[PDB]
Amino acid sequence: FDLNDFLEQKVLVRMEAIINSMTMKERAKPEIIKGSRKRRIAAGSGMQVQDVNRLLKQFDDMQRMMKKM
RNA sequence: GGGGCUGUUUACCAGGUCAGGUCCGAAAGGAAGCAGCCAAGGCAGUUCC
């Protein structure tokens, strides 16, 4: 369950923009996503890092769940 | 070394374009610009000087 899937699945049109600013690698192996990259993404989608941290927060919750079934 | 070609590689760190999203504006409209792509670079092979 990489970000690509999580992507498929008004405040959404705001979350999509955030993934549309990543790179296939990022969307494939998120752990690699740290400081510097986050700064790129947020600014890349008129967001802020908190917004990004949240989405990633959302994905984590979403992933962990599936990693449990 | 340089030119050409081919394969491969490269988040951001003054290339171009810029979906999506963002900024400013009552509007008309401007502004910046990620991913992508292109270009460019890196690592090689080949060929020409």
Side-chain angles (χ1 to χ4, degrees), chain A residues 1-9 15-53 55-62 64-66 68-69:
Chain A
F1 181 69
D2 72 6
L3 296 188
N4 293 301
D5 330 303
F6 181 70
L7 183 55
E8 289 297 306
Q9 307 182 184
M15 297 164 60
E16 296 177 52
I18 271 181
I19 300 194
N20 294 335
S21 277
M22 309 181 122
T23 65
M24 237 310 271
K25 281 182 173 176
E26 292 166 338
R27 306 175 197 188
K29 184 176 179 297
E31 50 278 43
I32 73 172
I33 310 174
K34 323 275 183 170
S36 184
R37 282 170 189 281
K38 283 171 186 173
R39 306 225 322 286
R40 191 199 74 249
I41 295 173
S45 67
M47 304 285 76
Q48 269 53 54
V49 186
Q50 63 188 308
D51 293 291
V52 182
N53 273 293
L55 188 302
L56 286 164
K57 173 63 181 58
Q58 294 182 60
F59 162 70
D60 184 55
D61 301 329
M62 180 67 92
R64 284 180 177 288
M65 183 179 273
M66 299 305 272
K68 282 176 171 297
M69 55 185 277

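Only heavy atoms go into these numbers, but all of them, side chains included; no hydrogens, no water, no symmetry mates. Chain letters run A, B, ... following the sequence lines, proteins first and then strands; every chain starts at 1.
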If I take atom OG1 from residue A:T23 and atom CZ from residue A:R37, how far apart are they, to the nearest 0.5 angstrom? 5.5 Å
Could you measure the distance from the CG atom of A:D61 to the CE atom of A:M65? Nearest 0.5 Å is fine. 8.0 Å
When the distance from CD1 of A:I19 to P of B:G20 is rounded to whole Å, what number comes out? 17 Å
Quantified in whole Å, what is the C1' atom distance between nucleotide B:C37 and nucleotide B:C18? 9 Å
With rounding to the closest Å, how many angstrom separate the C1' atoms on B:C34 and B:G15? 16 Å
A:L3 CG to B:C34 P: how many Å, rounded? 20 Å
Working to the nearest 0.5 Å, report the span between CG of A:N53 and CG of A:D60. 11.5 Å
Do A:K38 and A:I33 make a side-chain contact, defined as non-hydrogen atoms from C-beta onward lying under 4.5 Å apart? yes
Check every atom of B:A35, B:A19, B:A11 against the side chain of A:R27 and return the nucleotide holding the closest atom. B:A35
For nucleotides B:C12 and B:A28, find the distance between their P atoms and express it as a whole number of Å. 34 Å
According to the interplanar angle, ranging from 0 to 90°, do the rings of A:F59 and A:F1 count as parallel (below 30°), tilted (30 to 60°) or perpendicular (above 60°)? parallel
Can you tell me the base-pairing partner of B:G33? Count Watson-Crick or G-U wobble geometry only, both distances below 3.5 Å, and say none if there is no partner. none
When you match A:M22 and A:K25 each to their closest nucleotide on RNA chain B, which lands nearer the 5' end? A:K25
Whole-Å distance separating the CD1 atom of A:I32 from the P atom of B:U10: 11 Å
B:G20 and B:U46: how far apart are their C1' atoms, nearest whole angstrom? 42 Å
For A:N4 and B:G20, what is the distance between atoms CG and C1' respectively, to the nearest whole Å? 15 Å
If I take atom CD1 in residue A:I41 and atom P in nucleotide B:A19, what distance separates them, rounded to the nearest angstrom? 18 Å
Quantified in whole Å, what is the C1' atom distance between nucleotide B:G33 and nucleotide B:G16? 13 Å
Could you give the distance separating B:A35 and B:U17 at their P atoms, to the nearest angstrom? 15 Å
Report the nucleotide, chosen from B:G21, B:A35, B:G20, that has the shortest atom-to-atom distance to any side-chain atom of A:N20. B:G20
Under 5.5 Å between six-ring centres and under 30° between planes, true for B:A14 and B:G15? no
I want to check one thing: is the phosphate of B:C12, taken as OP1 and OP2, less than 4.0 Å away from some side-chain N or O of A:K38? no
Within this structure, what is the NZ-CE distance for the pair A:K29 and A:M24, rounded to the nearest 0.5 Å? 13.0 Å
Scan every strand shown for a Watson-Crick or G-U wobble partner of B:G21, both distances under 3.5 Å, and answer none if you come up empty. none
Do A:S36 and B:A11 have a side chain to base donor-acceptor pair shorter than 3.5 Å? yes
Under 3.5 Å, is there an N or O donor on one side and an acceptor on the other linking the side chain of A:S21 and the base of B:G20? yes
In whole angstroms, how far is the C1' atom of B:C34 from the CG atom of A:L7? 15 Å
B:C38 to B:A11 separation - P atoms, rounded to the nearest Å: 16 Å
Between B:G36 atom P and A:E26 atom CD, what is the distance in whole Å? 8 Å
Using the P atom on both, measure B:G29 against B:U10 and round to a whole Å. 42 Å
Does B:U6 have a Watson-Crick or wobble mate here (both distances under 3.5 Å), and if so which one? B:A44
From CZ of A:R40 across to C1' of B:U22 the rounded distance in Å is 16 Å
